[PDB]
Amino acid sequence: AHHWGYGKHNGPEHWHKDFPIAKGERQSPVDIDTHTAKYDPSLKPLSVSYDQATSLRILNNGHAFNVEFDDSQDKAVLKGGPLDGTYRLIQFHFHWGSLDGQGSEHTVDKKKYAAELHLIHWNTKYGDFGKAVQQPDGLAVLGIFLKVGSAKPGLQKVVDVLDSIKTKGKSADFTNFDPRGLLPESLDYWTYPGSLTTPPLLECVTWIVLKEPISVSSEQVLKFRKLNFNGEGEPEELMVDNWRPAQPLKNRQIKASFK
Ligand SMILES: NS(=O)(=O)c1nc2ccccc2s1
Ligand SMILES: NS(=O)(=O)c1nc2ccccc2s1
Ligand SMILES: [Zn+2]
């Protein structure tokens, strides 16, 4: 069974032994070299349509916490940008560090942010998530950087529930959460073809990384760092540094939506 993690003996540098695609040609995350990324005037504005989003539950899965949505209909979708067709929101989660100087997966000119939010969407032309992840255009992941400054009001409902899902396998009801409260003002973005950043590391993602970070408070991110990787009753391992480092860009071009 799965046995990978972010510990001293099972972290990202080990994943290739069970998931050989870890050394593939389209792995994520990557460093975004802002000078080399080319403005692509053919890219469209992103269309984020979350007005009818229906959150259901929040789960500590032992590597992050996932806020899960009802994806049985087109209730919350991502379209436009670099995308063809319609991608349905299934979940969001974060990656974060032990200290504010690390935590993001993508980097910008080698800068690491304190955390990174991933909003996961699957291409409805493949019918279900499990089929979508087997396709090169199966997923669209909206990535948003977090920096530490002022509080993010729309994040507070998430932080306040974390005490109830401290350990792996715990979940809680999490209805009526509005993910629009996690977006920055601008939807300017970079995009490139990549992969899931945790096993199975499948090469099925169109990455859309927003340029503008959101600000969260130190107190908010400190609450992320009180979560545990371990299950109830087991030796406490704080859930921190659950990020994969940048991977080789290889042939790929990162495109910018903005001049
Ligand atoms: N990261 S992994 O290749 O999946 C991995 N799995 C295991 C299992 C036991 C001990 C160390 C590792 S490291
Ligand atoms: N961290 S991520 O690339 O957004 C992501 N990875 C995985 C792995 C398995 C299932 C869903 C996702 S979503
Ligand atoms: Zn992620």
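Read-outs throughout are calculated quantities, based only on the coordinates presented, and are distinct from any laboratory measurement. With ideal geometry, Cβ positions are generated from the backbone for all residues, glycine too; neighbour counts draw on all protein chains shown.
For the range 62-110, enumerate the residues that are at positive phi and away from ligand 3 (no atom under 12 Å from the Cβ).
Within the range 62-110, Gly62, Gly80, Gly81, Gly85, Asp109, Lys110 meet the criteria.
Those residues that are surrounded by 17 or more Cβ atoms within 10 Å (Cβ to Cβ) and either over 19 Å from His93 (Cα atoms) or more than 16 Å from ligand 3 (Cβ to nearest atom) (or both), I need them from the range 28-48; list them, please. Let's see the steps before the verdict.
From the range 28-48, those surrounded by 17 or more Cβ atoms within 10 Å (Cβ to Cβ) are 28-32, 37, 43, 46, 48; that's our starting set.
Selection gives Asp31, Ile32, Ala37, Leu43, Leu46, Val48.
Residue under question is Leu119, and the condition is that it be in contact with a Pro (Cβ under 9 Å, 6 or more places away or on another chain) and not in a helix (DSSP H, G or I); does it hold?
yes
Identify all residues within the range 7-46 that are assigned to a loop (DSSP other than H, G, I, E, B), in contact with a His (Cβ under 7 Å, 6 or more places away or on another chain) and within 16 Å of ligand 1 (Cβ to nearest atom); write none if there are none.
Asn10
Consider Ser98 carefully, then state whether it is out of contact with any strand residue (DSSP E or B) (no Cβ under 6 Å at 6 or more places or on another chain), more than 16 Å from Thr197 (Cα to Cα), part of a loop (DSSP other than H, G, I, E, B) and free of Cβ contacts under 8 Å to residues at least 12 places away in the same chain.
no
Residues are listed down the side, and each one gets a yes or a no for (1) hydrophobic (A, V, I, L, M, F, W, C); (2) assigned to a loop (DSSP other than H, G, I, E, B):
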{"position": "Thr198", "(1), (2)": "no, yes"}
{"position": "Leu202", "(1), (2)": "yes, yes"}
{"position": "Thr206", "(1), (2)": "no, no"}
{"position": "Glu212", "(1), (2)": "no, yes"}
{"position": "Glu219", "(1), (2)": "no, no"}
{"position": "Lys226", "(1), (2)": "no, yes"}
{"position": "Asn230", "(1), (2)": "no, yes"}
{"position": "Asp241", "(1), (2)": "no, yes"}
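With the requirement that a residue be touching a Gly at 6+ places or on another chain (Cβ under 8 Å) and under 29 Å from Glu232 (Cβ atoms), what does the range 62-103 give you?
Selection gives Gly62, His63, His95, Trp96, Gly97, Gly103.
Out of the residues in the range 156-190 that are in contact with a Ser or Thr (Cβ under 7 Å, 6 or more places away or on another chain) and of a type in the set (A, V, I, L, M), state the one that is surrounded by the most Cβ atoms within 10 Å (Cβ to Cβ).
Step by step, filter the range 156-190, then rank; the result is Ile165.
Run down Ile90, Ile58 and say which single residue is β-branched (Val, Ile, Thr), within 14 Å of ligand 2 (Cβ to nearest atom) and farther than 30 Å from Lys38 by Cβ.
On the way: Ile58 fails: within 14 Å of ligand 2 (Cβ to nearest atom).
Result of the check over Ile90, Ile58: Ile90.
Suppose we filter the range 232-259 for residues that are aliphatic (A, V, I, L, M) and in contact with a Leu (Cβ under 9 Å, 6 or more places away or on another chain); how many remain?
Of the residues in the range 232-259, the ones aliphatic (A, V, I, L, M) are 238-240, 246, 249, 254, 256.
Those still in the list that are in contact with a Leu (Cβ under 9 Å, 6 or more places away or on another chain) too: 238-240, 256.
Summing the residues that are aliphatic (A, V, I, L, M) and in contact with a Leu (Cβ under 9 Å, 6 or more places away or on another chain) in the range 232-259 gives 4.
Which one of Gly5, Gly11 is without any contact (Cβ under 8 Å) to a residue 60 or more places away in the chain and surrounded by 15 or more Cβ atoms within 10 Å (Cβ to Cβ)? Don't jump to the end; show me each part of the working.
On the way: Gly5 fails: without any contact (Cβ under 8 Å) to a residue 60 or more places away in the chain.
Going through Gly5, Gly11 in turn, just one is without any contact (Cβ under 8 Å) to a residue 60 or more places away in the chain and surrounded by 15 or more Cβ atoms within 10 Å (Cβ to Cβ): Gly11.
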